[PDB]
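Visitor:
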Amino acid sequence: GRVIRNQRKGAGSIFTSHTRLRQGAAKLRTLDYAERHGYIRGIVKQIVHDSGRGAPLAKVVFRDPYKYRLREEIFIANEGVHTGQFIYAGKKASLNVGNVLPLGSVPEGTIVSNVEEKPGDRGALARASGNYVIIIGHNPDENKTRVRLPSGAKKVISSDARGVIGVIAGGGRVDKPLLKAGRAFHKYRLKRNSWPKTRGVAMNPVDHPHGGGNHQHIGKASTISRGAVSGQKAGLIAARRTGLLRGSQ
RNA sequence: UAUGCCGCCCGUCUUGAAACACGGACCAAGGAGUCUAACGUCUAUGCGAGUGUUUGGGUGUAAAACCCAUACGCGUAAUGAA
RNA sequence: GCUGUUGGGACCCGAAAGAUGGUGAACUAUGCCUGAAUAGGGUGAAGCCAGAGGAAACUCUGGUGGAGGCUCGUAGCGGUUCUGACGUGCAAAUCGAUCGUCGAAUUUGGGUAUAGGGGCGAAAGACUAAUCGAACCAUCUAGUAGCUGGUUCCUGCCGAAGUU
RNA sequence: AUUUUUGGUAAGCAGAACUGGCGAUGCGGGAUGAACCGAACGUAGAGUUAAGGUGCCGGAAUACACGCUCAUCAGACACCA
RNA sequence: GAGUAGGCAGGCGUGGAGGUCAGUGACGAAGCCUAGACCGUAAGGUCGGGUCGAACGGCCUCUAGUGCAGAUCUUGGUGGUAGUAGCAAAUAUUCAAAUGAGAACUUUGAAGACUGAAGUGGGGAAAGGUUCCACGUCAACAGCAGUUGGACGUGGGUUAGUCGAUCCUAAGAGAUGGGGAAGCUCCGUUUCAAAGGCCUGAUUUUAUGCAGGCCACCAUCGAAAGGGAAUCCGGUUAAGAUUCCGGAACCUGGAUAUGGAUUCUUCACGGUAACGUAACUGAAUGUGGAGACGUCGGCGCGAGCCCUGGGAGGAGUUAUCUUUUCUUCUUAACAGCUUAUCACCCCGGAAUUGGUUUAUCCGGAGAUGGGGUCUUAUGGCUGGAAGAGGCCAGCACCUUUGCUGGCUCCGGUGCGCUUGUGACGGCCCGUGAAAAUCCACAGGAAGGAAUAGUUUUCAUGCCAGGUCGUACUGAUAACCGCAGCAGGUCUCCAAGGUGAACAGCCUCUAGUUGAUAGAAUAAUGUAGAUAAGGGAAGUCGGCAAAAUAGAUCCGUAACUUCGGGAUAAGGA
RNA sequence: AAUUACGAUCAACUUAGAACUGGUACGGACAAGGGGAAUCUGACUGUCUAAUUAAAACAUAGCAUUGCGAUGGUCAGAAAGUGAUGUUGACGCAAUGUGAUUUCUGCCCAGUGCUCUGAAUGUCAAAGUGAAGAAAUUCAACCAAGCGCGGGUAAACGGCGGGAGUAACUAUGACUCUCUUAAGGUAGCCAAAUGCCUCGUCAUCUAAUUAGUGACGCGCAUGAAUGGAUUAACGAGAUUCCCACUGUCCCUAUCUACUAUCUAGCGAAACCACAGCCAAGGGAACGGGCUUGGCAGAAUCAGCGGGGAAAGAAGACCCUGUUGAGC
RNA sequence: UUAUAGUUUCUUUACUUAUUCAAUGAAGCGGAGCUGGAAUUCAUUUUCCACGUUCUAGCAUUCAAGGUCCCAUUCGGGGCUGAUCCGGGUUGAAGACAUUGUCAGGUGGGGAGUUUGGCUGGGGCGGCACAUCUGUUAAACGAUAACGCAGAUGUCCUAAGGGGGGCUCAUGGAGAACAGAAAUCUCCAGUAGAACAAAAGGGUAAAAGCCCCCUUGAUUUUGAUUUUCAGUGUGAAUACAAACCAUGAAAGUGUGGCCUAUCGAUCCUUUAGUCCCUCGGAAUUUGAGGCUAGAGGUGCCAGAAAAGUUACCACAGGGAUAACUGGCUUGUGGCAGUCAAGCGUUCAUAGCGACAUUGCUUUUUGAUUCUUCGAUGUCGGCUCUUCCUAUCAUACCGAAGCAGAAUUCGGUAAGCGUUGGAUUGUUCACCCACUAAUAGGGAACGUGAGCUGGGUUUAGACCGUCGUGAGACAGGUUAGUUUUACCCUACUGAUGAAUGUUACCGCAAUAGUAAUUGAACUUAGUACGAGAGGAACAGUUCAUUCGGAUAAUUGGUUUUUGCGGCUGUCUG
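Position in the first sequence (first residue = 1) + 1 = PDB author numbering.
1. State yes or no: is the C-beta of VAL168 within less than 8 angstroms of the C-beta of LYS156?
2. Rounded to the nearest angstrom, how far is the Cβ of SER159 from that of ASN140, given a contact under 8 angstroms?
3. Leaving out the 5 sequence neighbours to the left and right, which residues in its chain are closer than 6 angstroms to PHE87 when beta-carbon positions are compared?
4. Could you tell me the boundaries of the beta strand (DSSP E) in which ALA235 lies?
5. Using the C-alpha atoms, what's the distance from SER52 back to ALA222?
6. When DSSP builds the beta bridges, which residues end up paired with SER159?
7. Buried or exposed for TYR34, please, with buried defined as at least 16 other CB atoms from any protein chain shown within 10 angstroms of its CB.
8. Going by DSSP in three states, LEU104 sits in which element: helix, strand or coil?
9. Ends of the alpha helix (DSSP H) at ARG9?
10. Nearest to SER152 by CA position, among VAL82, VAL134, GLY164, is which residue?
11. Would you call the segment 102-117 and the segment 199-214 touching, i.e. three or more CB-CB distances under 8 angstroms?
What follows is the structure in structure tokens.
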């Protein structure tokens, strides 16, 4: 049998990200002395689009404390952030929308975003459109704060891990229907080559573990094991359950 | 050449080919049981309880011919797993 | 020395295959980069302007505008039917009429990436240089064949088997 | 293929027994035919016959003898139509 | 005395080998040809005749790549079919002369035609590679012909500071440090690297040591369509020209001396202001701009073309008519002075809400109104530049060249066509490259005066611009398809009429008139057509064809996701 | 200074309106929709079998499910100081299914599969542990994961036909039992592209209909995202009927051009054992040749498609082969 | 008992330094000290308590201030602060876990390799005719086949083996309380009609059977022999011999079952035997290996280790073998007789016909496998010719339960014709309608270089059922390339040398041949008939189907491009 679409996506020839039209790596400015001990003021110089990503990027000009420059940094604009407004990044920075303070230096119940998994990561969590973390709990004894992720999972991050206050802008983007194929086409054309997906069942048995038959049908269980080899996984990997539930998910 | 009578197209597989079975338009040339190691039978030749010079040496008119020691193979004893 | 046996290309010619190591994206497939190309019409979306009606709630009219993976149709791109032409052709896929579509999921040049149990696939086992249910080149290789075909002078004598 | 013989409606079908043939076989005859009849074959001459025939084709009695048959679908040589 | 498969024996023939016949042979070896002969049951042998020209044989033995009709055998050659099939799509040729041995095909003239500016026009890209052009020539090729040719023979021809390449980066490809791998080499291109360059004077030790000091996540390749320093006109050759010549520019790199401008504390002044003027210091470093960008719909402007008027020339028609049919009347880069949407500035203080677009946006973060500032795209005029080019007339000139003079002017118009563009607007879960390169500012390092010095962002002046490509076709004959193949192959420019129109049909410019021809008009074909009456009865099936059709007015159903259906239908 | 709705001038083509006129002609050539009533099916535009299939197949938006919070998920690499996603972060990435909108999406974890805040020891490898021995060694308990056992799960694969009798009356909706493991096909739909019988039966369309449509349903073998029932618009899709139209036909005819034909020139190929008259006979059971008859006269031209079991290609169907390949 | 600190022995934590994951251009880490403002126990040697920037889209870069030495006080350049000291651990996670290495268990069609019996009236589905046994086939020795017939085996038995001894079995008859058809008892007959483990056959009467007594010949050693047969194996059997036993008074009999079936190689493993041999430098004991006889098994039974699928398919072959024709056959189908119980008022036969029975045909379907697998183009229709007659109509006849008309049954007879449509691809079928009638057939199931391509049967696709699945379906559905004649013959037409030349006019061998059917008027409302209905020959007039001509007329055709008209454009 052939190597499946799924299998040869990871070889990464044509399936690589379309990265010409993008502004750059959206990160928080590196964890440094000024952010540890005080905070730096930055100016939201412009708020720009980014291709394959449905959340505006806030290009915010900071200074260089050590040499005479203006180190420009590319953020993911929180909703209500505007042009020329002052962003404040550090431990001592005030609790306003746009500001970058460590989760330890923040009260409980805050709606934070662009959070770090490790301290000095420069943003990992709640980075997509209309998504945010809720800082549930705390503990200064073994300084590690409890947080609730957009997936609804509770994690425990260090107190020195930073995050930007408010929700990430561009929310409700998914609640409009994409519409007539071409909208999807154009959406995908600037992220990746993962579009118009052929159904394994509609292929020949060479091409997919679903192929063949005188009727289109999977034939055996679509719930595949976790221990299934890299090449065997087509359907639902390590499916705890299946089917449409009644009442609440 | 005429005349009387006779005479299906060869090769092939086949129980059975003139075959409505296969190859063949025609011609020239090329074109298919070989050599080798090891053996069975039968026969010729030598020597014959022996036999085999030629791996090697000596020699040479020089890949020839001629000469030759010690082994070695086989035979001269079989039967037993031993 | 004839005959015979076995291993060797083993009387000669013949597979579909398999293995090793290499060469192809000048065709077509998909993505990316950087370019280019597409008359004239129909219908008349939002936004906008002026009217009329009614106690009010609110409802009707005319114009404007110029939307649409809208629509007719040219170039273009395609290939439905004629099961037309041709079918030892113009051509190893063309010709003519008829037709699909024609501002986008469009058409396309150059550059660049993906190489064979691999690619690529809006999925037909499709396409990957007229080659694809596993490309092409060389080698292993004179592959093997209980199977087909062939197997070259004369005369003389003898003369079978299809059964255990 | 005659004879014995199983299956089968049957078969130029399938399968046996003994023998003889074709295969591997020309020749005379049954018009023609692998198998039937007669005979098996160096090259010739002469003579005589086999099976089969002797109106004409066609070598050979339109021979002899006793009967039968007249068909507007005569009949005519075994295997064999 | 038969005989397949098969066995065995006796011989026939071939290439070589040892021996022998003191073999044959240029007075003719071998080979081949022979309705001549003889021997042999046969395989075969022997002889005569011819052709030919250099070797060959009998016999006794040795040895083998040793004997052919078949293998859809191999290679090479040859046939019958057969002077047959055929050489029939791109509308089409015809008369005369010339040339020549020879003309349907060549050259010229004259007709008649076609392509019809989405072309059979004029350039190019990739590809080819001399096909370009001249002379000589026709054995081969151009499926007829050939005097012709993209053929054949010998030559000639491609001129660059400005066009490209060269440079920059794009998707990417790739050394390096390193790490993997038995190894071929694989990963990665900023990484767990000690990863060199920049300028000022110095100080004049036949020119070498300083420091003002700075600055550093770092090869290279990658576009003849992206980014990009700078060229235009006229003429010129058999064939080249944005290159040659003539005239005029411009750019970059470097040198420098005058003119200017600035300078009594020196780095200019003016305007309230937007900003202006010929200049009018400016290191490190930092900052910002340009390079730098979608697509579409209408709208304004510009250039070119199209239509069109008067006048100055020439040509065509003229039995009749026509103040008319045709045609020339053109202005490059570059330099100047000027020229505008937009934006901005001052005065002013708006509701009785005004200004205003085709499109409804704008105004107390200051409208309207009055007056100003700028971008110079774009136009105007001028210089270029009339001497050029064009259209003429008169005069000669043996050749080959001329000489002389004249006109080259003034309009108008637009939902026109192409095209550049400016300000807007619709669209997006799509918001539509980067780098080289260049500039500007912030900044204030350093330097600099008046009886002599500053400044090269301005004016003039001086010098240099290498290397490679450059001809030609770009296709119904130059590229790929075995070929001079009805196929395929990327673009640019684009006239008149009809008409909505770049549709179809006809013409102008320019280009071809090439596709074997002549005769005759049977069958059957192929591509076009028409048919009385009936009207799907044909047929698997209304396949094929017929009918309908543009525009204007009238009218428009079920159903509906309320957008449609819709050009419904049905009429005039 | 006395104070209106007005002149001069130049200039395109748009639509109205009337008259006149013709062999009722006028988008005069060119150009240029046939339309209507239904069913099946896919919502639509889009895409592919270059060279026999353009479709109802693929895609699609919508819907649903599954995995994953990075010391990760899916995937790559012989390896690695290696890589894709990822210049990414759940409104994301990855993996499936169904296929617009409307309406709904039932029941079944017994089986296969997947998963787990589930329980022991039922196994339970190597290394380790202990016993015996002179050692090699044999024997024992301890034994990780997974299996096994227990739960969860069907928009996971799938299944859901269930099957009998009694009873008003004349065909039975009340009783009764046993369930194929778990449930017994629910709402719906149909002789449907799924119905064998089948040309089902009834109606309708026709003079006549194995066709069409609408109903009926113990449905050989319909059915709920292996989606079921609708469904406007769309379709070079499959099908039926009607009107217009016609050489499709009754029934053929005629015309044009280019062929064919003849000529000059140039000039192939396929195929070919030898060849080329029949009838019967026998025969590898369908002869050009054989036997017996019929017969039979040079050279041939244009047609033709009866024959040459004509040509094209070592049947691709079927079998065999101790021959392979994709799956 | 613990009080030595002499190892992890096992489990609960901790340390950084290996290993590990990040990030920065390795800037600010850690500890302490200042200033805190303060903690109040109280101004401290006590321990809790921060360390310069926030309304605003500006700016922040070349060490300035004080202080100290040099510059002889020119020029400025330098020390420390400004900005706290010390440790040089860049920062932070993670940590002896993970990572990696090796080995081990699980999972692993993602992937690789390979397999997927045989016989066979084609394969497959069945079956076992594949190893065996009885009877029959089997043709009186033996041997003998088929998917021939009726059956059987993969076991069972310490007694159902061995010996000996007593008795007689099936069944019937007559009889004895309960007791009867059947419980037990007695006698009489009783050639086996019983019994002997099974299948069947053979065998057996003081036994081989049934009852009783004792045993283990169902033992040891190896050889020869018979059947199958190669005179191999295996199995079974026979007869002795040499040992040891059993029984019996003994003769004797006994090496498993009364006889004919009941079973299995090498290699491997395991057991029995034997003071055995070997382990090769020499000893011993384990251990292993040998020697002789068993057992664990191959049922495909002389003994591979083995699942599908292909409608995407492939190669070598095969007419040894299927799907079509043809050939023998004729069951089956179709047609036709003989006999005649009877049906038909009566009446066998006008017309039919039971029970039987003899055929003929090759338009069905089978049976077979002879031809073809280096292909004979595989259904139906369209077209077209010819033939068969088993006659639907027509011609002329005979018969009748024939009055007429109508119909039925036959004869000669294939001359003559035998249709138009709806649905279906269909052949077949079924309806409507006209006709004189709408008979049946053949000719490679006529006819594809004649067409068509609906069906069938390649590849795409959908549904149902089946399959875990790939896939399957002679189930349904839709889309799906139909090639070549120019050769010979045949056929149709067209020439033609030679009969001294040429011309005209003829004859006729042979071959062909063609006409067809209906209606209407009259006969005639006549015959016939109770009536109702209702003929026929003769005499006319027209039609259908066919054929051969012909073009006056009618219609069609138009390149007569004959005339006229009309549009677009070009020729002023």
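No residue lacks a Cβ here, since even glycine has one placed at the ideal position from N, Cα and C.
Guide: Result, derived from the coordinates:
1. no
2. Not confirmed; about 11 angstroms, so no contact.
3. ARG42
4. Where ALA235 is concerned, there is no enclosing beta strand (DSSP E), given that its DSSP letter is neither H nor E.
5. 39 angstroms
6. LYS145
7. exposed
8. helix
9. 6-9
10. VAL134
11. no
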